[PDB]
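Since the structure comes first, as structure tokens, the remarks are kept for the end.
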Amino acid sequence: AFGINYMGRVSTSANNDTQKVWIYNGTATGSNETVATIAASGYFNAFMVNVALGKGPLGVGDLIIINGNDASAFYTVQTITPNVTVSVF
Amino acid sequence: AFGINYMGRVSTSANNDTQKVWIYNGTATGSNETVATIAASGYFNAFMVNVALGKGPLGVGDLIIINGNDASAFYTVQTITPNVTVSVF
Amino acid sequence: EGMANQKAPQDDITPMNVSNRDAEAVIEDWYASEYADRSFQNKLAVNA
Amino acid sequence: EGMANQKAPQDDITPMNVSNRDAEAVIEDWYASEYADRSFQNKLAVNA
């Protein structure tokens, strides 16, 4: 499942009028799950504070660098409520 | 050869349980070498402290943005010992 | 153990990670006891 | 190192050339660093 210790910020800017970039560690040293498993719908629900209302660190349009145990790809947040769903970038 | 002055860090997070993002300036204003030369095996050995024991700032799964003098490409670190090898992202 | 690395000027610092672990000692209780009947106070040349 | 040689009388002196070289020590910078998150302050008995 999602582990907060494997999620980290990439974008240094604190400007809240632009999107943020994240990185996730699902490799052997991290969550040890495939890219498809991490990119599944609702996987990042535990990261949000209240996913039912779309309240959390992730915003719509944020770019996530997902490193699975088999490959790595760029993904973009499409929705934050009622589930956090991503699609390739 | 590898030049540390042309190596920078993109990811702002200091969390060591996730991965890091680097950017390398191999263009005419940097090392002035092709992407193939930079992506060759053992090119980033000088960046590590003890590459024989896999001790250094680079970690497995780290994303490197290589800006060669002819093109640019995203790469990912696979091994840090006994050599530093990257592959196409 | 820590480790020292190099970096470009004005680049962000990248620490070499230090590991941690723990060691656990289990506490046990032991007793050494004896009795000395008062009827032996006057019958012994030693202090029991 | 120098060296002594021989010459014919009244001939011009021919020095045995003494080589020179410069040993250059290149200065490098090394950093040893670590982080101590505040969330571990109350969760640790040690001073990290």
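Starting from 1 in every chain, residues are counted up; chains themselves are A, B, ... following the order of the structure tokens, and ligands are numbered from 1 as listed.
The chain A residues that come within 8 Å of chain B are residues 5, 6, 7, 8, 9, 10, 11, 12, 23, 24, 25, 27, 29, 30, 67, 72 and 73 of chain A, with only C-alpha atoms taken into account.
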Residue neighbourhood residue D:48, 12 Å, only C-alpha atoms, exclusion window fewer than 5 positions, as a PyMOL selection string:
(chain C and resi 18+20) or (chain D and resi 34-43)
How would the residues just picked look written out with C-alpha atoms as a PDB file, in the first residue's frame?
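Written out: part_21.pdb:
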ATOM      1  CA  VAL C  18      23.874   6.781   8.820  1.00  0.00           C
ATOM      2  CA  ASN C  20      20.773   2.800  13.307  1.00  0.00           C
TER       3      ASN C  20
ATOM      4  CA  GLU D  34      23.247  14.581   8.168  1.00  0.00           C
ATOM      5  CA  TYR D  35      19.679  15.594   8.978  1.00  0.00           C
ATOM      6  CA  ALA D  36      17.751  15.252  12.241  1.00  0.00           C
ATOM      7  CA  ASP D  37      14.011  15.705  11.780  1.00  0.00           C
ATOM      8  CA  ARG D  38      12.175  17.371  14.652  1.00  0.00           C
ATOM      9  CA  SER D  39       9.622  14.548  14.755  1.00  0.00           C
ATOM     10  CA  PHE D  40      12.345  12.354  16.277  1.00  0.00           C
ATOM     11  CA  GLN D  41      13.136  14.776  19.117  1.00  0.00           C
ATOM     12  CA  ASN D  42      10.424  13.498  21.454  1.00  0.00           C
ATOM     13  CA  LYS D  43      10.697   9.918  20.150  1.00  0.00           C
TER      14      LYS D  43
END
Could you tell me which residues of chain C sit within 9 Å of chain D when counting only C-alpha atoms, and give me the result as a ChimeraX atom specification?
/C:2-7,13-18
Tell me which protein, DNA and RNA residues are within 8 Å of residue B:35, counting only C-alpha atoms, leaving out same-chain ones fewer than 4 positions away, and put them as a compact mmCIF listing (two decimals) with N, CA and C atoms, in the first residue's frame.
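What landed in part_4.txt:
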# COMPACT_ATOMS: atom_id res chain seq x y z
N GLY B 26 25.96 18.33 -20.11
CA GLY B 26 26.94 17.86 -21.07
C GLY B 26 26.94 18.61 -22.38
N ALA B 39 25.97 8.31 -21.10
CA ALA B 39 25.20 7.15 -20.67
C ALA B 39 26.00 5.86 -20.68
N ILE B 66 19.91 14.05 -18.62
CA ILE B 66 21.18 14.20 -19.31
C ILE B 66 20.98 15.14 -20.49
N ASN B 67 21.70 16.25 -20.49
CA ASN B 67 21.68 17.22 -21.59
C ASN B 67 23.01 17.10 -22.33
N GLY B 68 23.05 16.21 -23.32
CA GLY B 68 24.23 16.07 -24.14
C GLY B 68 24.37 17.20 -25.13
N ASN B 69 25.50 17.21 -25.83
CA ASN B 69 25.75 18.26 -26.81
C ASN B 69 25.00 18.04 -28.11
N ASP B 70 24.33 16.90 -28.28
CA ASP B 70 23.54 16.63 -29.46
C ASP B 70 22.05 16.42 -29.19
N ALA B 71 21.67 16.04 -27.97
CA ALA B 71 20.28 15.78 -27.64
C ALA B 71 20.16 15.73 -26.12
N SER B 72 18.97 15.39 -25.65
CA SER B 72 18.70 15.23 -24.23
C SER B 72 17.79 14.04 -24.01
N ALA B 73 17.93 13.40 -22.86
CA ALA B 73 17.12 12.23 -22.56
C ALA B 73 17.10 12.00 -21.06
When you draw a straight line from atom CA of residue D:1 to atom CA of residue D:25, how long is it in Å?
22.6 Å
Taking the DSSP assignment computed from this structure's backbone, write out as a PyMOL selection string all residues of chain A that belong to strand (DSSP E).
chain A and resi 7-9+21-25+63-67+72-79+85-88
Lay chain D over chain C with a least-squares fit on all the C-alpha atoms, paired in sequence, and tell me the RMSD.
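The optimal C-alpha superposition leaves an RMSD of 3.0 Å.
The set of residues in chain B assigned to helix (DSSP H, G or I) by DSSP, using only backbone atoms of this structure, is residues 4, 5, 6, 35, 36, 37, 38, 43, 44, 45, 46 and 47 of chain B.
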What does the file look like for those residues with N, CA and C atoms, as a CSV table (one decimal), in the first residue's frame?
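Wrote again_15.csv, looks like this:
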chain,number,residue,atom,x,y,z
B,4,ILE,N,32.1,17.5,-11.9
B,4,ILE,CA,31.2,17.7,-10.8
B,4,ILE,C,30.5,19.1,-10.9
B,5,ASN,N,31.2,20.0,-11.5
B,5,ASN,CA,30.6,21.4,-11.5
B,5,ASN,C,29.4,21.4,-12.4
B,6,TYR,N,29.2,20.4,-13.3
B,6,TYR,CA,28.1,20.4,-14.2
B,6,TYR,C,27.0,19.5,-13.7
B,35,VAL,N,25.2,12.3,-25.6
B,35,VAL,CA,24.4,11.5,-24.7
B,35,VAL,C,24.8,10.1,-24.6
B,36,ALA,N,25.3,9.5,-25.7
B,36,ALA,CA,25.8,8.1,-25.6
B,36,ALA,C,27.0,8.0,-24.8
B,37,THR,N,27.9,9.0,-24.9
B,37,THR,CA,29.1,9.0,-24.0
B,37,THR,C,28.8,9.1,-22.6
B,38,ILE,N,27.9,10.0,-22.2
B,38,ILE,CA,27.5,10.2,-20.8
B,38,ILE,C,26.8,9.0,-20.3
B,43,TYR,N,30.5,5.9,-16.4
B,43,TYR,CA,30.8,7.3,-16.6
B,43,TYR,C,30.7,8.1,-15.3
B,44,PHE,N,29.7,7.8,-14.5
B,44,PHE,CA,29.4,8.5,-13.3
B,44,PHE,C,30.2,7.9,-12.1
B,45,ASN,N,31.2,7.1,-12.3
B,45,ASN,CA,32.0,6.5,-11.2
B,45,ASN,C,32.7,7.6,-10.4
B,46,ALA,N,33.2,8.7,-11.0
B,46,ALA,CA,33.9,9.7,-10.3
B,46,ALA,C,32.9,10.4,-9.3
B,47,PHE,N,31.6,10.4,-9.6
B,47,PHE,CA,30.7,11.1,-8.6
B,47,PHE,C,30.5,10.3,-7.3
For each of B:28, B:74, B:3, B:79, take the minimum atom-to-atom distance to residue B:54, counting only C-alpha atoms, then give the residue where this is smallest.
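Looking only at the distances to residue B:54, the closest residue turns out to be B:79.
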